[PDB]
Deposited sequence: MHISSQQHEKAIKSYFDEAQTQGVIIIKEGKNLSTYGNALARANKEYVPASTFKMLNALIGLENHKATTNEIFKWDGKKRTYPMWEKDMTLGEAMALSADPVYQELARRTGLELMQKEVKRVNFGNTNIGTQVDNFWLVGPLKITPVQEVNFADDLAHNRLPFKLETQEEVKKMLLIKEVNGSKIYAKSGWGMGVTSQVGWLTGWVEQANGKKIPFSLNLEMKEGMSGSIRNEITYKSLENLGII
């Protein structure tokens, strides 16, 4: 395929421009990282992981037998931020809905001490979870888009320090799209910040031939933006690059 890199860069930049945001999307092919978008310097800047952290939370909870993948976490009947969360769900259904209350229960079964240890051990982001287990994913923990794409790469290839089966079980929770033979695995994130909001979509493409291409989209979310913009820009970018 004969599109210039200049034209790729301009197309992907324009997807962020057209959404009235600032963002980057990092792509990893083998050992090589590529940075695209309209704010490239976001790539080695730190932001809260927000719900991208559900990936690690799940890994920790399963590895330490705080939950199983078929277990049903019951809605306790209290009003929840979103009505779609007002139902009983497995970790996998909760991942798909990004249901904080399930993931908070799981973090609390894991407990603050074991959670610090696991986060220090996996070297995730700046590895600081502080002293609130229920909610540290508002500071102190932060991570860069480069770190996130490298986390995705690890997970996709079963390199994190967890059992193979723990990693497969979590990967299975992350399937969000199939497109022309390709599978996209990823987790979204939307954090409320200092003065802005961060938007994430971190995962990988599994192509028919088996090659895995990790990515991490990171942009600033604004009032009146739908969450699915993160998806649209991701799919467009990966399509532009011929990854899907």
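Exercise for review: No C-alpha coordinates anywhere in a stretch? Then put that deposited-sequence range on the list, in order along the chain.
Suggested key: No coordinates exist for the deposited residues in 138, so this stretch alone is absent from the model.
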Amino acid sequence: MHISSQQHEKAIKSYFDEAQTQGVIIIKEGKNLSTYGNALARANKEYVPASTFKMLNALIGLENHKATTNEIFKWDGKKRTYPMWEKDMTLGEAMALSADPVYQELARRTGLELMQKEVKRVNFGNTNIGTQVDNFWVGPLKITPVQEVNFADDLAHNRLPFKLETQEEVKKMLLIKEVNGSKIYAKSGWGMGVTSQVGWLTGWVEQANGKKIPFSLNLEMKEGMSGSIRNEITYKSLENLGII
From here on, numbers count along this sequence of modelled residues.
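Exercise for review: Quick one: say whether 87-95 or 73-81 has the higher mean Cα B-factor in the deposited entry.
Suggested key: Comparing averages over the C-alpha atoms only gives 73-81.
Review point. Comparing 101-109 with 120-128, where is the mean C-alpha B-factor higher?
Key: Averaged over C-alpha atoms, the B-factors run higher in 120-128.
**Study point:** Most elevated Cα B-factor in the entry, residues 207, 38, 218, 52
**Key:** So the option with the highest C-alpha B-factor is 207.
Practice item. Determine which member of 173, 146, 133, 152 has the highest CA B-factor, using the values in the deposited entry. Key: In the PDB entry, the greatest C-alpha B-factor among 173, 146, 133, 152 is found at 133.
Practice item. Sorting the chain's modelled residues by C-alpha B-factor, tell me whether residue 203 ends up in the lowest, middle or highest third. Key: Within its chain, residue 203 is a middle-third residue by C-alpha B-factor, going by the deposited values.
Point to revise | Ranked against its chain, the third holding the CA B-factor of residue 27 | key: According to the entry, residue 27 has a C-alpha B-factor in the chain's middle third.
Exercise for review: Grab the CA temperature factor for residue 233 from the record and place it in the lowest, middle or highest third of its chain.
Suggested key: It falls in the middle third of the chain.
**Study point:** residue 66 CA temperature factor, ranked by third within the chain
**Key:** According to the entry, residue 66 has a C-alpha B-factor in the chain's middle third.
Practice item. Select lowest, middle or highest to describe the third in which the CA B-factor of residue 58 falls within its chain in this entry. Key: Answer is lowest: the recorded C-alpha B-factor places it there.
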